[PDB]
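Understanding the architecture of this molecule
Spelled out from the first residue to the last, the chains are:
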Amino acid sequence: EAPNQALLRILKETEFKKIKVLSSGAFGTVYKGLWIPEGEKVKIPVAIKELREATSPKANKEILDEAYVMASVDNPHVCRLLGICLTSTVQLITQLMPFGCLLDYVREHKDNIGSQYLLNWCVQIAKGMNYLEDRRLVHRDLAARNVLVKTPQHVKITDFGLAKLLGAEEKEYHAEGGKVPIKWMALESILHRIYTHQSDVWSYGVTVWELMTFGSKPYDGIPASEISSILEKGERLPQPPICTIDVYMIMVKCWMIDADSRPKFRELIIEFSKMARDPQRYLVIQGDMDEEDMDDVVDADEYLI
Ligand SMILES: CCN1CCN(Cc2ccc(-c3cc4c(N[C@H](C)c5ccccc5)ncnc4[nH]3)cc2)CC1
C-alpha cells in the first residue's frame, strides 16, 4: 500500500577497508572493517557480508532481498543496512555489532549475566519485533543466533534472509520449500507453511527460552521430523531453572495453538517491562574492538543523512 522511499546507498570499494574474517560457512563471509565515507572525516566500524565468493544468479538475487528489507527498516532494535557494494561479488555493509550474536554471548557468559540483562534483552527484542510488525513485516527466522549485541545493554534483530513483507493486506505468507529452522517454528508453519506476526511470536517464545537457559538447544536430541508431532501431542519446552512461573507462563503463551491466543509483541514489551522493574522477583539467578587511530570513529547509530 504505502510507497517505500528508503534510500539504497551504493558504496565505493575504495571507501572501506576490510580488517578480518568474523565468520565463514554456508552463506559466505562476514568481515570486521572500517568505512570512511566521501570526505566526511568520520570512520565507521562496519560488518561486511559476501554470500560466498561464487557468483551464481541464485545467490545474488537473495542477498539483494536482504538489502531490500534491511534498507527499509529504521529502529534502534533492528539492524540497518548502511549500503551495498557492487563489486563482482555483492557486499552487504552494516553497522558493526562488536560483541557478536546473542546466542554466543549468553553461552560465553552464563556466570555473569543477571536478571536485569535477560529481561532487558527480552524487552528490546519485543520492541524490534513490534516495529517489524508495524512495517507489516514477518521475520520468519527469529532466534538467539539472529539477535546481535552492540553493547551488553543494547541488542538488535538481524538476518532478514527470509523476511517477507506482507503485500495487499495478505494476513499470512504462503511459503515454498527450502531449508527452514524447525525448532523455532510455530505449528501452523511446520504443517501449513503459514507465517504470520503471531508465528513470529512463537519464535520469540523459543528465543526467550534460549536466553533463559543460557543458550541451550531447544529439543536437544529430538530430530526435526519428530517436532511437529511432539508439538501436536501438547508437549512444549521445559521451564528453565531460573524462571519464575510468571516468566514461563509468558513463554507458554507464545506457544499456544490458536495463533491469536498468543500475545502481541506490544504486550510482550509491556509484560517484560513490568518485570524489568523488579528483575529478582521474576528470575532467580545465583549471584545476581578498537585497533588503529580511533580519533574520528563514530558509531553508525550517530551517523545520519
Ligand atoms: C568471545 C566470543 N566470540 C568472539 C566474538 N564473536 C565473533 C563475532 C563478532 C562479531 C560478529 C558480528 C556479526 C555481525 C553482523 N552479521 C550480520 C549477519 C550481517 C548482516 C548484514 C551484513 C553484514 C553482517 N552484522 C553486524 N555486526 C556483526 N558482528 C559475529 C561474530 C562471537 C564469539
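Residues numbered from 1 in each chain as written, not as in the entry; some residues may be left out. Heavy atoms only, no water.

**Considerations on helix α1 (residues 57-71)**
Compared with the 21 Å implied by 1.5 Å per residue over 15 residues, the 21 Å span of α1 between its first and last C-alpha is a close match. By the burial criterion, the buried members of α1 are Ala59, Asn60, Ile63, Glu66, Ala67, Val69, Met70 and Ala71. At its buried positions, α1 is contacted by β3 (44-50), β4 (81-85), β5 (91-95) and β6 (137-138). (Helix = DSSP H or I, 4+ residues; strand = E, 2+ residues; numbered from the N terminus. Expected span 1.5 Å × (residues − 1). Buried < 20%, exposed > 50% of the residue type's maximum accessible area, 1.4 Å probe, protein only. Contact = heavy atoms within 4.5 Å.)

**Some thoughts on helix α3 (residues 115-134)**
In this model α3 runs 28 Å from its N-terminal to its C-terminal C-alpha over 20 residues, within 8% of the 28 Å that 1.5 Å per residue would give. Counting buried residues along α3, 14 of its 20 residues qualify, which places the element largely inside the surrounding structure. Of the residues flanking the end of α3, it is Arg136, one or two places downstream, whose phi is positive at about 45°.

**As for the environment of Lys41**
By the secondary structure assignment, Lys41 is in the loop between β2 (29-35) and β3. Once the C-alpha coordinates of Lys41 and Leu165 are considered, the two residues, 124 residues apart in sequence, prove to be 36 Å apart.

**Concerning the packing of aromatic side chains**
Between two aromatic rings, the relevant description is the distance of the centres plus the angle of the planes. Summed over the entire model, instances satisfying the criterion amount to seven aromatic pairs. Between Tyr117 and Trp121, the ring centres sit 5.8 Å apart and the planes meet at 70°, which makes this aromatic pair edge-to-face. Here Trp121 and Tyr117 lie together in helix α3, a separation of four residues that amounts to about one turn. Judged by its relative accessible area of 1%, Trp121 is buried. Summarising the aromatic geometry, the rings of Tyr173 and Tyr195 are spaced 6.4 Å apart at their centres and angled 45° between planes, so their arrangement reads as tilted. Of this pair, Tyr173 sits in strand β10 (residues 173-174) while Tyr195 sits in strand β11 (residues 194-195), and the two are 22 residues apart along the sequence. Across this residue pair, the class does not change: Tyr173 and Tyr195 are buried. (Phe/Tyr/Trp six-rings, centres within 6.5 Å; stacked < 30°, edge-to-face > 60°.)

**Overview of the domain arrangement of the protein**
We note that the domain assignment places domain 1 (1-96) and domain 2 (97-291) within the protein. Using C-alpha coordinates to define each centre, domain 1 is positioned 25 Å away from domain 2. On the domain 2 side, the residues contacting the 16 residues of domain 1 number 23 residues. Surface buried jointly by domain 1 and domain 2 totals about 1700 Å² across both partners, of which 59% is contributed by carbon and sulfur atoms. Sorting the residues of domain 1 by area buried against domain 2 places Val69, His77 and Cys79 first, and these three jointly supply 33% of that buried surface. Between the two partners, domain 1 and domain 2, sit one salt bridge. Among the ionic pairs, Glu291 bridges to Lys32, the shortest N-O distance being 3.3 Å. Counting the contacts that link domain 1 with domain 2 gives nine residue pairs in polar contact. Residue composition of the side of domain 1 that touches domain 2, by class: nine nonpolar, four polar and three charged. (Domains from an automatic or database assignment. Buried area = accessible area lost by both parts, 1.4 Å probe. Salt bridge = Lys/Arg side-chain N within 4 Å of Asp/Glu carboxyl O. Polar contact = N/O pair within 3.5 Å; in protein donor to acceptor, adjacent residues only side chain to side chain. Nonpolar A, V, L, I, M, F, W, Y, C, P; charged D, E, K, R; others polar.)

**Here we look at the packing of helix α5 (residues 197-212) against helix α7 (residues 245-254)**
Taken N-terminus to C-terminus, the directions of α5 and α7 make an angle of 145°; their axes are 7 Å apart at the nearest point. Where α5 crosses over α7, the two elements pack in a sense that is left-handed. In this structure, α5 uses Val201, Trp202, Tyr204, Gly205, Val208, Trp209 and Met212 to contact α7, whose residues at the interface are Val247, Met251 and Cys254. (Axes fitted to C-alpha atoms, helices over the stretch in contact; angles between N-to-C directions. Left-handed = near helix turned anticlockwise from the far one by under 90°.)

**Some details on a nonpolar patch on the surface**
On the surface, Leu8, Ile10 and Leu86 cluster together to form a nonpolar patch covering roughly 290 Å² of accessible area. The topology assignment puts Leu8 in the segment before β1 (16-24). A relative accessible area of 46% means that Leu8 is categorised as partly exposed. (Patch = residues over 30% accessible without salt bridge, like charges linked within 9 Å, V, L, I, M, F, W, Y side chains within 5 Å. Areas by Shrake-Rupley, 256 points an atom, 1.4 Å probe, with all protein chains shown as cover.)

**A few points about the site of the ligand**
Neighbouring the ligand are 16 residues, the closest being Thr94, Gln95, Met97, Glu108 and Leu148. Between the ligand and the protein, one listed contact pairs a nitrogen atom with a backbone N or O atom of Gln95 at 3.4 Å. In this structure, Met97 approaches the ligand through a main-chain N or O atom, which is 2.8 Å from a nitrogen atom. Burial of the ligand by the surrounding chains reaches 75%, relative to a free accessible area of 700 Å². (Near = heavy atom within 4 Å.)

**Brief notes about the pattern of salt bridges**
By the definition in use, this model includes 12 salt bridges. Ionic pairing is found between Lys17 and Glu292, a salt bridge with its closest N-O pair at 2.7 Å. In this structure, the salt-bridge partner of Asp141 is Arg145, at a minimum N-O distance of 2.9 Å. Accessibility expressed as a relative area gives 30% for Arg145, which makes it partly exposed. Among the ionic contacts, a cluster of salt bridges with common partners joins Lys150, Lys156, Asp299 and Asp301.

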